[PDB]
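Raw structure-v5.cif, mmCIF, C-alpha atoms:
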data_run
#
loop_
_atom_site.label_atom_id
_atom_site.label_comp_id
_atom_site.auth_asym_id
_atom_site.auth_seq_id
_atom_site.Cartn_x
_atom_site.Cartn_y
_atom_site.Cartn_z
CA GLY A 1 154.18 -13.24 28.44
CA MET A 2 151.19 -11.19 27.30
CA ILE A 3 147.96 -12.23 29.04
CA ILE A 4 145.16 -12.36 26.46
CA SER A 5 141.91 -12.06 28.41
CA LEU A 6 138.24 -12.26 27.42
CA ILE A 7 135.91 -10.51 29.88
CA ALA A 8 132.16 -11.01 29.62
CA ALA A 9 128.88 -11.49 31.46
CA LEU A 10 126.80 -14.62 30.96
CA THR A 11 123.97 -16.64 32.49
CA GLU A 12 124.34 -20.15 33.92
CA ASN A 13 123.46 -21.59 30.48
CA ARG A 14 126.10 -19.44 28.72
CA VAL A 15 123.80 -16.75 27.26
CA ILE A 16 125.37 -13.51 26.01
CA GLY A 17 124.24 -10.44 24.10
CA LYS A 18 124.63 -9.10 20.56
CA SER A 19 124.65 -5.30 20.99
CA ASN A 20 124.01 -2.44 23.44
CA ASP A 21 121.46 -3.23 26.17
CA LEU A 22 122.06 -6.84 27.22
CA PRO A 23 119.40 -9.22 28.65
CA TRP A 24 120.57 -7.85 32.01
CA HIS A 25 121.37 -4.43 33.49
CA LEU A 26 124.13 -4.67 36.11
CA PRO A 27 125.77 -1.36 37.11
CA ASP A 28 128.44 -2.97 39.30
CA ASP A 29 129.34 -5.23 36.37
CA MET A 30 130.16 -2.31 34.07
CA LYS A 31 131.98 -0.66 36.98
CA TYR A 32 133.89 -3.92 37.49
CA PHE A 33 134.70 -3.84 33.76
CA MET A 34 135.94 -0.27 34.23
CA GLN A 35 138.28 -1.04 37.15
CA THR A 36 139.59 -4.20 35.46
CA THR A 37 140.42 -2.71 32.04
CA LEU A 38 141.87 0.56 33.36
CA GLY A 39 145.19 1.25 31.64
CA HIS A 40 145.10 -1.83 29.38
CA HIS A 41 144.30 -2.38 25.73
CA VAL A 42 140.67 -3.24 24.96
CA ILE A 43 139.55 -5.03 21.78
CA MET A 44 135.87 -4.39 21.08
CA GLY A 45 133.52 -5.24 18.24
CA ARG A 46 131.82 -2.80 15.91
CA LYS A 47 128.58 -2.98 17.90
CA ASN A 48 130.29 -2.45 21.27
CA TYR A 49 131.85 0.90 20.35
CA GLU A 50 128.79 2.28 18.55
CA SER A 51 126.70 1.41 21.62
CA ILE A 52 128.88 3.62 23.85
CA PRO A 53 127.47 7.16 24.15
CA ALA A 54 129.65 9.70 22.38
CA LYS A 55 129.97 11.58 25.68
CA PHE A 56 132.03 8.71 27.16
CA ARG A 57 133.34 7.53 23.77
CA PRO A 58 136.10 6.55 23.38
CA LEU A 59 136.79 5.02 26.80
CA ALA A 60 138.94 7.20 29.04
CA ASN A 61 142.43 6.08 30.07
CA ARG A 62 142.25 3.20 27.59
CA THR A 63 143.68 2.22 24.21
CA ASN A 64 140.45 1.48 22.34
CA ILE A 65 140.86 -1.10 19.56
CA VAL A 66 137.86 -1.75 17.29
CA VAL A 67 137.76 -4.84 15.06
CA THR A 68 135.52 -4.57 12.00
CA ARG A 69 135.38 -5.80 8.42
CA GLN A 70 134.02 -2.41 7.28
CA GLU A 71 136.74 -0.97 5.05
CA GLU A 72 137.74 2.58 6.06
CA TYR A 73 135.37 2.50 9.01
CA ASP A 74 136.01 5.79 10.80
CA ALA A 75 136.71 5.83 14.54
CA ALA A 76 138.59 8.82 15.95
CA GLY A 77 140.64 8.46 19.12
CA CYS A 78 140.74 4.68 18.57
CA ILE A 79 142.83 2.28 16.51
CA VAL A 80 141.00 0.31 13.82
CA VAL A 81 141.92 -3.20 12.69
CA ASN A 82 140.24 -5.70 10.37
CA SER A 83 140.92 -8.82 12.45
CA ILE A 84 141.41 -9.73 16.10
CA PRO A 85 145.05 -10.89 15.60
CA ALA A 86 145.82 -7.47 14.10
CA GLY A 87 144.68 -5.87 17.35
CA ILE A 88 146.75 -8.44 19.25
CA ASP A 89 149.80 -7.59 17.12
CA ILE A 90 149.42 -3.92 18.12
CA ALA A 91 149.15 -4.68 21.84
CA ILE A 92 152.37 -6.71 21.84
CA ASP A 93 154.13 -3.84 20.04
CA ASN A 94 153.20 -1.40 22.83
CA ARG A 95 154.60 -3.79 25.49
CA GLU A 96 151.16 -4.27 27.04
CA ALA A 97 151.08 -6.60 30.04
CA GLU A 98 147.47 -7.78 29.58
CA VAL A 99 145.02 -7.24 26.71
CA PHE A 100 141.24 -7.44 27.01
CA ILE A 101 138.66 -8.52 24.42
CA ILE A 102 134.90 -7.94 24.40
CA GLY A 103 132.14 -8.60 21.90
CA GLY A 104 129.52 -11.18 21.01
CA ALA A 105 129.71 -14.89 20.24
CA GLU A 106 131.63 -14.42 16.99
CA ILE A 107 134.46 -12.58 18.75
CA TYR A 108 134.81 -14.90 21.74
CA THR A 109 134.81 -17.91 19.40
CA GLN A 110 137.57 -16.39 17.26
CA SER A 111 139.66 -15.25 20.25
CA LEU A 112 139.21 -18.38 22.39
CA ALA A 113 142.13 -20.01 20.54
CA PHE A 114 144.56 -17.44 22.01
CA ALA A 115 142.94 -16.77 25.40
CA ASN A 116 145.06 -17.43 28.48
CA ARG A 117 142.73 -15.73 31.00
CA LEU A 118 138.95 -15.55 31.33
CA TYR A 119 137.08 -12.89 33.33
CA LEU A 120 133.54 -14.28 33.47
CA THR A 121 130.71 -12.50 35.31
CA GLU A 122 128.56 -15.58 35.90
CA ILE A 123 124.99 -14.35 36.39
CA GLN A 124 123.13 -16.91 38.52
CA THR A 125 120.12 -17.12 36.22
CA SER A 126 118.89 -18.89 33.09
CA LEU A 127 117.57 -17.01 30.04
CA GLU A 128 116.40 -18.01 26.58
CA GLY A 129 119.30 -17.10 24.32
CA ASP A 130 120.28 -17.28 20.67
CA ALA A 131 123.96 -16.34 21.14
CA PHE A 132 126.25 -18.20 23.53
CA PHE A 133 129.70 -17.96 25.05
CA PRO A 134 131.97 -20.59 23.44
CA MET A 135 132.43 -23.87 25.26
CA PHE A 136 135.76 -24.31 27.05
CA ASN A 137 137.05 -27.43 28.79
CA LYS A 138 136.90 -26.87 32.55
CA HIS A 139 139.80 -29.33 32.84
CA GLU A 140 142.04 -26.99 30.82
CA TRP A 141 141.36 -23.96 33.05
CA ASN A 142 141.67 -23.13 36.74
CA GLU A 143 139.55 -20.71 38.79
CA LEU A 144 141.81 -18.03 40.26
CA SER A 145 139.15 -15.85 41.89
CA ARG A 146 135.42 -15.85 42.61
CA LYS A 147 133.54 -12.95 44.23
CA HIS A 148 129.79 -13.33 44.80
CA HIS A 149 127.85 -10.11 44.23
CA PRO A 150 124.45 -10.47 45.95
CA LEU A 151 121.30 -9.06 44.40
CA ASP A 152 120.00 -5.73 45.67
CA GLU A 153 117.67 -2.91 44.59
CA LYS A 154 120.14 -2.08 41.79
CA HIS A 155 120.81 -5.66 40.61
CA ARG A 156 117.75 -7.77 39.78
CA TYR A 157 120.04 -10.80 39.39
CA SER A 158 122.86 -12.14 41.55
CA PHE A 159 126.22 -12.69 39.89
CA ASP A 160 129.81 -13.69 40.60
CA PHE A 161 133.07 -12.14 39.40
CA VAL A 162 135.18 -15.12 38.32
CA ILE A 163 138.68 -15.33 36.83
CA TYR A 164 139.89 -18.40 34.92
CA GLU A 165 143.39 -19.11 33.62
CA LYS A 166 144.79 -21.62 31.15
CA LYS A 167 146.84 -24.40 32.75
#
What is this structure when it is put down as structure tokens?
Amino acid sequence: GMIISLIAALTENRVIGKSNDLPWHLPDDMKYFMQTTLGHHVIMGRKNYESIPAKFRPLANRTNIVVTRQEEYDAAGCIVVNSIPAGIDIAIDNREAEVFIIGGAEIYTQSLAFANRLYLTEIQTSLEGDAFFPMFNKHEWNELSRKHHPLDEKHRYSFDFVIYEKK
């Protein structure tokens, strides 16, 4: 089966970001996102791709899929779909073993109905937020991995790399 995975970073009260520079700067988190999504399909929102600098855009060694309602929205080197299932239907065609999905609260809420894995970077902090990661029953998921990243002079906050899976 194809593992549909949503990878994100969030506070302890489920706060997430809407565009480029999140309420947190974590270099090892983006590097973790780079090692994890290497060679897989990545579904990103319109604001995620436009936030990437054109020097490193599109992402290297990746099949970049951008979901947007903008008709004839131009993105070269990437595939463009109008809905998240359309990007899922492309990943199954290419015999992908595990697809990844990133975005804001609107994307994680739409893709939570098909998610079988969850790669949460739980930042041990609490921030005032207006956008939140969707609620998921902790009884329906199981924690496969948890790796505590301590705070240092490059990470103002401490965070854990967690992996959940649907029972």
Explicit residues for the PyMOL selection byres ((chain A and resi 148) around 7) (as a PyMOL selection string): chain A and resi 146-147+149-150+159-161
Exercise: residue 16 in chain A partners within 7 Å, only C-alpha atoms, chain neighbours under 4 positions left out, as a PyMOL selection string: chain A and resi 9-10+104+131-133
Polymer residues at most 10 Å from residue 91 in chain A, all atoms listed in the file, same-chain spacing of 5 or more positions, as a VMD selection string: chain A and resid 2 4 40 to 43 63 65 85 to 86 96 to 100
Residues near range 107-121 of chain A, cut-off 9 Å, only C-alpha atoms, skip fewer than 6 positions along chain, as a ChimeraX atom specification: /A:2-11,29,44-45,84-85,101,133-136,141,159-167
Atoms kept (C-alpha atoms) for selection, written as a compact mmCIF listing (two decimals), in the frame of the given file:
# COMPACT_ATOMS: atom_id res chain seq x y z
CA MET A 2 151.19 -11.19 27.30
CA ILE A 3 147.96 -12.23 29.04
CA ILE A 4 145.16 -12.36 26.46
CA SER A 5 141.91 -12.06 28.41
CA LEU A 6 138.24 -12.26 27.42
CA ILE A 7 135.91 -10.51 29.88
CA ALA A 8 132.16 -11.01 29.62
CA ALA A 9 128.88 -11.49 31.46
CA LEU A 10 126.80 -14.62 30.96
CA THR A 11 123.97 -16.64 32.49
CA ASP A 29 129.34 -5.23 36.37
CA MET A 44 135.87 -4.39 21.08
CA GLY A 45 133.52 -5.24 18.24
CA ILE A 84 141.41 -9.73 16.10
CA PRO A 85 145.05 -10.89 15.60
CA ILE A 101 138.66 -8.52 24.42
CA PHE A 133 129.70 -17.96 25.05
CA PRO A 134 131.97 -20.59 23.44
CA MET A 135 132.43 -23.87 25.26
CA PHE A 136 135.76 -24.31 27.05
CA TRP A 141 141.36 -23.96 33.05
CA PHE A 159 126.22 -12.69 39.89
CA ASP A 160 129.81 -13.69 40.60
CA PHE A 161 133.07 -12.14 39.40
CA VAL A 162 135.18 -15.12 38.32
CA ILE A 163 138.68 -15.33 36.83
CA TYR A 164 139.89 -18.40 34.92
CA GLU A 165 143.39 -19.11 33.62
CA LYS A 166 144.79 -21.62 31.15
CA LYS A 167 146.84 -24.40 32.75
Å distance separating CA of residue 75 in chain A from CA of residue 54 in chain A, one decimal place: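 CA of residue 75 in chain A sits 11.2 Å away from CA of residue 54 in chain A.
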Residues within 9 Å of residue 25 in chain A, only C-alpha atoms, excluding chain neighbours under 6 positions, as a ChimeraX atom specification: /A:154-157
Residues of the last selection are to be written out with C-alpha atoms, as a JSON list (two decimals), keeping the file's coordinate frame.
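again.json, freshly written:
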[["chain", "number", "residue", "atom", "x", "y", "z"],
["A", 154, "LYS", "CA", 120.14, -2.08, 41.79],
["A", 155, "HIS", "CA", 120.81, -5.66, 40.61],
["A", 156, "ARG", "CA", 117.75, -7.77, 39.78],
["A", 157, "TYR", "CA", 120.04, -10.80, 39.39]]
A:35, A:20, A:48, A:158 ranked by distance to residue 102 in chain A, top pick (using all atoms listed in the file): A:48
Test item: the PyMOL selection byres ((chain A and resi 21) around 12) resolved as number ranges by chain: A: 16-20, 22-27, 30, 47-48, 50-52
Pick from A:37, A:68, A:124, A:13 nearest to residue 82 in chain A, counting all atoms listed in the file: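 Among A:37, A:68, A:124, A:13, it is A:68 that comes nearest to residue 82 in chain A.
Of note, CA of residue 28 in chain A and CA of residue 144 in chain A are spaced 20.2 Å apart.
Going from CA of residue 38 in chain A to CA of residue 71 in chain A covers 28.8 Å.
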Nearest to residue 128 in chain A by atom-to-atom distance, counting all atoms listed in the file, from A:15, A:34, A:1, A:95: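 Checking each of A:15, A:34, A:1, A:95 against residue 128 in chain A, counting all atoms listed in the file, the winner is A:15.
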Selection under test: the PyMOL selection byres ((chain A and resi 79) around 8); residues as a PyMOL selection string: chain A and resi 63-66+75-78+80-81
